[PDB]
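**Q** build me a model from this:
(6 chains, ligands or ions: 4)
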Amino acid sequence: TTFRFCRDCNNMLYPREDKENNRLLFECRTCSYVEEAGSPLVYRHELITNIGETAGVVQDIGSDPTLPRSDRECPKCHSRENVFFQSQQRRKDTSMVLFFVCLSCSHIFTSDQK
Amino acid sequence: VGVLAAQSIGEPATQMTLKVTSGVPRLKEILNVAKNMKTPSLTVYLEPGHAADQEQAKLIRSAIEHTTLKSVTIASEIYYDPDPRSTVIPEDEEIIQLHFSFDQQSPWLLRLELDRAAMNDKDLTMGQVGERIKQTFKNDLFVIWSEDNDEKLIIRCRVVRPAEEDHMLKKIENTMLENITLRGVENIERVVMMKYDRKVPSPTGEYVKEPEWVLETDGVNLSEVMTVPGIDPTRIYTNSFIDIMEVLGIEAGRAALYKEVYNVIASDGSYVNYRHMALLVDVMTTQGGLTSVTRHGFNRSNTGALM
Amino acid sequence: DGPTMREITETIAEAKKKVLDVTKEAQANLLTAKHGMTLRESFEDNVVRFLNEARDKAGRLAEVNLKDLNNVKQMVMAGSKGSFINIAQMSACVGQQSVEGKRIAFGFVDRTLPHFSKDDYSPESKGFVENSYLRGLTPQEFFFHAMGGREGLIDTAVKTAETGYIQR
Amino acid sequence: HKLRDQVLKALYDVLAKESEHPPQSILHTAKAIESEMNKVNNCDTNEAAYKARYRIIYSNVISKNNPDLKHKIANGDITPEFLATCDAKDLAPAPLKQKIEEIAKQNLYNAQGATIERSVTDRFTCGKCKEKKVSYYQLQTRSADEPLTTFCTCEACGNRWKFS
Amino acid sequence: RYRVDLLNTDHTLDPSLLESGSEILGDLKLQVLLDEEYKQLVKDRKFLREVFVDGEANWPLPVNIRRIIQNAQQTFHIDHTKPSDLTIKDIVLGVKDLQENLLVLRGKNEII
Amino acid sequence: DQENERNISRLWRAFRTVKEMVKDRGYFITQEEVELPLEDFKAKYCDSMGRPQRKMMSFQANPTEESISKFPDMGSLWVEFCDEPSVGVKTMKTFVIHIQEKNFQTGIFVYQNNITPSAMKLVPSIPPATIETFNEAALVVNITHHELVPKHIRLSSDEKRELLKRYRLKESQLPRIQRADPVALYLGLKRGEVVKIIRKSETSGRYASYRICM
Ligand SMILES: [Mg+2]
Ligand SMILES: [Zn+2]
Ligand SMILES: [Zn+2]
Ligand SMILES: [Zn+2]
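**A** Numbers count the residues shown, from 1 in each chain, chains lettered A, B, ... in the order given. Ligands and ions are numbered 1, 2, ... in the order given. There you are, the coordinates:
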């Protein structure tokens, strides 16, 4: 789904079809470089998504003092310290699932059990 | 009497509150139509022969509510399939002989996938919607679809005509997503069921609070909603009194309008005598049509120049 | 009476405990997700209903304890001014101040006011009012009280002009 | 005779392809001609719905999940039955069936709406039925010169009123 | 509440309520009058049940009846024992007399 | 089955509504005729399996004895259902010529769908005969049976003159009703007619009222 660029000239490649050999050949519209396509996938709309509650993590989230602190442990390092905080996505139907990030194992883990 | 009525109806407007639009702006919109609603809610009662049949209620809601492809579309991908009669995708291969037991077409495959749950919640099977997208063109779209019982419901379609594929096919994709109705009547939205009750005469000759099932909505139409089966055509009712006027008649219109205004001003600070409210309603309807009391509305009439 | 005061206290406390239990159930992702509305909306409904039951149960207990030579009880069941709601409000608890039904919104990022830790929905956090008038307030409750009152004033001062126009 | 040969060849293919081999090939073509002659009994190749039922039964056979439909259709579950069945949801397989019932339960719940519950007490008394089942609710309406309204409603019958 | 049957058994009045009530038990004319006003009342009941689907009792209306007959009682000092000097004929004609004597629209024609 | 059956049912209900319309306009129909069973109508007026033959069940009707008692002038009325989706000018021309030849004064027409204005322009031809058009979907539901609309009733010109000379009005201050109202097209009245209306009032139950067609 990514947008490849011509390695000779950093420009947006377009799909264009072979006339007889029946293969998608990503030909550069700037220069004459051409490349065959790995998959027949071209375009993808994705009218439904549910993604974005997790990321935005820096390696020193816990360096900020404003996050609360708890005593549930990380289930890799068993250290009782932790930093917990809710979703990073904000829609009107995002969940009250929680995200728990530790300093020792430096790992992200949740509290869902379905 | 009209002056006294006006002052009486004017007094409790100062004690008002501010879901469903209520309060002062709702009162202003009702009194000052404004061919515009902000709340297209309409109430529907079932056939009395179906008292408490939840499957019947959801069959009715599936019958009445409009949906699109986008209501059921999740996976909408595009493909280059060179062989017209053999799939490069290894999953779709049995469907070839399912539909194969009319060649001059582009080797470009558009492919759609839906939700099983969002398909049969409204009680439609994928066969007839494949039929529907087949029949809406029949000339340009060679259309292939799977069985219902497969793990992933798929649609395979191609453009048939005896370079220049991508943007045409993208626009045709956008068109079929945005336009093709499925069932129901458009300008009607999500519908939900309340378990209302109704005071009903007892067979032994008394009254009893008896439950029944109702339909509420977020869209407005009248010319089609009594047409569908299993519906009481009589006891239907809508807040949007202009449409009741237009479909039914002006007497029913003034009755509905009085009902609506009574509900709004009796939400709080009730009450007043019926005669004042009735006088107001009937004098603002007594011209053969609705008339808001504006600078332009009642004033542009055969009426004395000084008033 | 002091024993009635501590009954008010433990009533509010068990209300808070059930609130905490419901929040924990939400935080482990398993809930009903009540029909019609959204998950968060159902959560808001549950906490609002719980706190209102706490408030008026407290008011009922206070009123039934209150004596027969109590002069303001004499005033209210005598009629003219005040009410059961007034007595309970001024004597036992206030209940969560709010604007337009939702409790006090996330003004600053991630939290309500900058003085709590992040990401909380506790009755203190959003600011359900614990105390009565008589024992005093905390500044947070003071601030929320001002919020609700100011909302009342602004809606009155606009609705007066609008109702005058429509009446004329 | 295009359809009455094509569907017969289709059942020739979908019965020879089975792990259940046809040494009773005459029995299996008897099964096929019985299937086709009850299949036409809906339409006789004169109705457009003929191909739909064929697609249903054909893709149910070729579904896999399940393959056991071949075994049960060769060892029983007679073909004139399986025009009048229309049991496409009912068959091939049962895990998908219970998936469908769970889906239907979920949809039937989620189509239900808002049911705000109106906590009651016995403090006041109704006007219509005069019962102490007051669906009370409290809120402020007027200007600054007063406290709340003391809104009232009876839940036993529906009677709304107000206290002074 | 309302069924009276002057010759039948179950809904018969107690003749201790009327001095001229014992001897009239079985008269046809009085029975006919009672039956026709009974039918009048039941058709009125059907009409009211039509014109209000719910069954609400309390309604806004002109001049009260309960209090006015109450003060009639407490001014002319009714006792608990004496059968009244009334007649069924007097009652059933006087009600229709007052019925026509309510006069809101002075006029003579058919429409009025 | 697909929408063939609901098409049949809709035609059945439209037939029902038209029948009660002709009845309460005052033309002699047996009241039992309107509750004709759906399957009976299906067997009666379908050709082989699913096609109703709309051209043939159209029927004539006559004024009641009471209708002649009130008014001295209604000829017989005549109805029609074409099969064409839109309505052809020549088809309706044959229709109106048939009406003129059979000497009728009330045109009762039903269209499947829209009609060209070139047919609509000669619709008001041949006075004193009058022509009217309805849609099936407009008449799928009998409007009077909705409980919100009150009863409606027609007047004589004699009664109208009596009403005016009694209430001392002059013809204009009396409240109006639009010609394009649904109840107006239901009753088929024209300008100058007065409609009495009785609705179930909430302080007196029965209550007089009056409207003038304009
Ligand atoms: Mg003037
Ligand atoms: Zn390049
Ligand atoms: Zn760890
Ligand atoms: Zn009540």
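**Q** who's in contact with the biggest helix by length in chain B?
**A** The helix that spans the most residues within chain B, counting by DSSP state H, is helix B:250-266. The contact list for helix B:250-266 (Cβ atoms under 8 Å, 6 or more residues apart in numbering or on different chains) reads B:9, B:12, B:22, B:26-27, B:30-31, B:237-239, B:241-242, B:244-245, B:272, B:277-278, B:281-282, B:285, B:288-290, D:160, F:146, F:148-150, F:177-178, F:181, F:183, F:197, F:199. (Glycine included, C-beta is placed from N, CA and C.)
**Q** contacting residues around residue E:36?
**A** Neighbours of residue E:36 in contact, by Cβ under 8 Å, 6+ apart: none.
**Q** so which helix or strand takes in it?
**A** Per DSSP states H and E, residue E:36 falls inside helix E:28-51.
**Q** flag every buried residue along that helix.
**A** Buried positions in helix E:28-51, judged by neighbour count with 16 or more other Cβ atoms under 10 Å in any protein chain shown: E:30, E:31, E:33, E:34, E:37.
**Q** verify the stated contact: the first one with residue E:6.
**A** Right, the one you point to is residue E:30. Yes - between residue E:30 and residue E:6 there is a contact under Cβ atoms under 8 Å: 5.6 Å.
**Q** which residues do those two both contact?
**A** residue E:24.
**Q** can you give me the strands in chain A?
**A** Here chain A has its strands, by DSSP state E, at A:25-27, A:34-36, A:83-86, A:98-101, A:108-110.
**Q** out of those strands, nearest to residue D:100?
**A** The closest of the strands of chain A to residue D:100 is strand A:108-110. By Cβ to Cβ, the value is 30.3 Å.
**Q** what strand or helix carries the closest residue to chain F within chain C?
**A** Proximity of chain C to chain F (Cβ to the nearest Cβ) peaks at residue C:166, 25.6 Å away. Per DSSP H and E, residue C:166 falls inside helix C:139-167.
**Q** again with residue B:44
**A** Secondary structure (DSSP H and E) places residue B:44 in strand B:42-45.
**Q** please spell out which residues along that strand are buried.
**A** For strand B:42-45, a neighbour-count test (16+ other Cβ under 10 Å) marks B:42, B:44, B:45 as buried.
**Q** so what's residue F:41 up against?
**A** By Cβ under 8 Å, 6+ apart, the residues touching residue F:41 are F:12, F:15.
**Q** phi and psi next, for it.
**A** phi -70, psi -40 (degrees, to the nearest 10).
**Q** look up how far residue F:9 lies from it.
**A** As judged by Cβ to Cβ, to the nearest Å, residue F:41 and residue F:9 stand 10 Å apart.
**Q** try residue F:172
**A** The spacing between residue F:172 and residue F:9, counted by Cβ to Cβ, is 46 Å.
**Q** over to residue C:147?
**A** 59 Å.
**Q** tell me where chain F has helices.
**A** Under DSSP H, chain F gives helices at F:4-24, F:38-45, F:65-70, F:89-101, F:117-120, F:157-167, F:182-187.
**Q** now do the last one: distance to the chain's middle.
**A** A distance of 7 Å separates the C-alpha centroid of helix F:182-187 from that of its chain, computed with Cα atoms, centre = their mean, to the nearest Å.
**Q** returning to that earlier point: ranking the helices of chain F by mean neighbour count, which comes first?
**A** helix F:182-187 (a mean of 20; mean count of other Cβ atoms under 10 Å in any protein chain shown).
**Q** mind giving me the packing neighbours of that helix?
**A** helix B:241-248, strand F:151-153 (3 or more Cβ pairs under 8 Å, 6 or more residues apart in numbering or on different chains; DSSP states H and E).
**Q** can you say which of the ones you listed is packed in most?
**A** Using mean count of other Cβ under 10 Å, helix B:241-248 ranks as the most buried of the helices and strands packed on helix F:182-187, with a mean of 22.
**Q** pull that helix out as PDB, backbone CA atoms only.
**A** Provided in PDB are the C-alpha atoms of helix B:241-248 (Å, rounded to 0.1, in the frame of the first residue of the first chain):
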ATOM      1  CA  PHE B 241     -46.800  19.200  11.600                       C
ATOM      2  CA  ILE B 242     -46.300  20.700   8.200                       C
ATOM      3  CA  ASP B 243     -46.000  17.300   6.700                       C
ATOM      4  CA  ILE B 244     -49.100  16.100   8.500                       C
ATOM      5  CA  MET B 245     -50.900  19.100   7.100                       C
ATOM      6  CA  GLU B 246     -49.800  18.400   3.500                       C
ATOM      7  CA  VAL B 247     -50.500  14.700   3.600                       C
ATOM      8  CA  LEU B 248     -53.700  14.600   5.700                       C
END
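**Q** and the contacts of it?
**A** B:30, B:33, B:35, B:220, B:222-223, B:237-238, B:252-253, B:256-257, B:260, B:289-290, F:143, F:146, F:148-149, F:182-183.
**Q** ok, back up a step: could I get the helices and strands packed on helix F:182-187 as TSV with distance to ligand 2?
**A** Putting those into TSV (distance: least, Cβ to the ion, whole Å) gives the following:
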stretch	distance to ligand 2
helix B:241-248	61
strand F:151-153	80
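**Q** residue B:212 is nearest to which of those?
**A** Across those, closest to residue B:212 is helix B:241-248 (Cβ to Cβ), at 22.0 Å.
**Q** what residues are up against residue E:60?
**A** Applying Cβ under 8 Å, 6+ apart to residue E:60 gives the contacts B:273, B:274, F:203.
**Q** how far away is it from chain C?
**A** Applying Cβ to the nearest Cβ, to the nearest Å, the value for residue E:60 to chain C is 25 Å.
**Q** tell me the contacts of residue C:60?
**A** C:88, D:121, D:123.
**Q** touching chain D at all, the helix or strand encompassing the first one?
**A** When elements are assigned from DSSP H and E, residue C:88 belongs to helix C:84-91. Yes - Helix C:84-91 lies within reach of chain D by Cβ under 8 Å from any Cβ of the partner chain, at C:84, C:85, C:86, C:89.
**Q** closest to ligand 1 among those?
**A** Comparing the residues of helix C:84-91 next to chain D against ligand 1 with Cβ to the ion places residue C:85 closest, at 52.8 Å.
**Q** quick one: buried residues of stretch B:221-229?
**A** B:221, B:225, B:226, B:227, B:228.
**Q** which residues touch the fourth one?
**A** Same thing as residue B:227. Counting by Cβ under 8 Å, 6+ apart, residue B:227 has contacts F:10, F:137, F:140, F:141.
**Q** with that, I have no additional questions.
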